[PDB]
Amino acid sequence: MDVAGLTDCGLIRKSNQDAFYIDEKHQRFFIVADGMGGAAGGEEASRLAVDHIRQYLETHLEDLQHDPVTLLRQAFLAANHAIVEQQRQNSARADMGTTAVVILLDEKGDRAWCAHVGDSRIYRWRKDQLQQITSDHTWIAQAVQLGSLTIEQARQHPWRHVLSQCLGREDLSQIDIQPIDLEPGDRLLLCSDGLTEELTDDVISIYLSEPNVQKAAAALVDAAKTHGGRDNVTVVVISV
């Protein structure tokens, strides 16, 4: 199983508030976070999220891998509290927040638990078929899903940019957690919306077809900038 990860400012943003982590030693879990907030930032929130989810998983994986939904929920809440605590304390960064998408693999490696809060995404790629696993926690996504406003078509409405869920909120209840089964040759992609605001699903699928995940990850980031690079962009590419 090969894995590559990459982050980039883009061509507009002066700093990168994205963060990611790959479990290089054991390849059990993978994390991408997209921060927001100034003063700064932002980068604080997404760093906290990645660090706390990582440390919670590291500590409790042995004990709780039989119950991944409980494990992932507690990891996310650990992250959420760490951010809220740094908020409640610090006035300037009181509104800092971040997305997170996490993949946790079962020990066997045939099953992946996908957990997320926000509009960062997880995709699975299998035999030239690209499938978005996570559903965006945005107002307009959840609108289209209902509907109406089921024109897609969705953005550009003003938001688009506005999240219905993010880490760093005392009012956090919804954490989406779902299992997906894996097959040899599948690719997994974790990405911030810096990727998917620039690249259509069709384009992403092309780049995920490259067996070399190092080249694939670099291609994705490079393509996102060619198309505009209006935001921070982060990708983690996993070959199953």
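Just count from 1 along the sequence shown to find any residue number.
**Q** Taking the mean of the C-alpha B-factors per stretch from the entry, tell me the winner out of 164-172 and 97-105.
**A** Looking at the record's C-alpha B-factors, the answer is 164-172.
**Q** Which of the two stretches, 126-134 or 73-81, shows the higher mean Cα temperature factor in the record?
**A** On average, C-alpha B-factors are higher across 126-134.
**Q** Just say lowest, middle or highest third for the CA B-factor of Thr196 relative to the other modelled residues in its chain.
**A** Answer is lowest: the recorded C-alpha B-factor places it there.
**Q** Place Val235 in the lowest, middle or highest third of its chain's C-alpha B-factors, as listed in the PDB entry.
**A** Lowest third - that is where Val235 ends up once the chain's C-alpha B-factors are sorted.
**Q** Sorting the chain's modelled residues by C-alpha B-factor, tell me whether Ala92 ends up in the lowest, middle or highest third.
**A** CA B-factor rank for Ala92: highest third.
**Q** For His66, return the chain-relative third of its C-alpha B-factor as stated in the PDB record: lowest, middle or highest.
**A** It belongs to the highest third of the chain when residues are ordered by C-alpha B-factor.
**Q** Hey, what third does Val3 fall into on Cα B-factor, ranked over its chain?
**A** Within its chain, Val3 is a middle-third residue by C-alpha B-factor, going by the deposited values.
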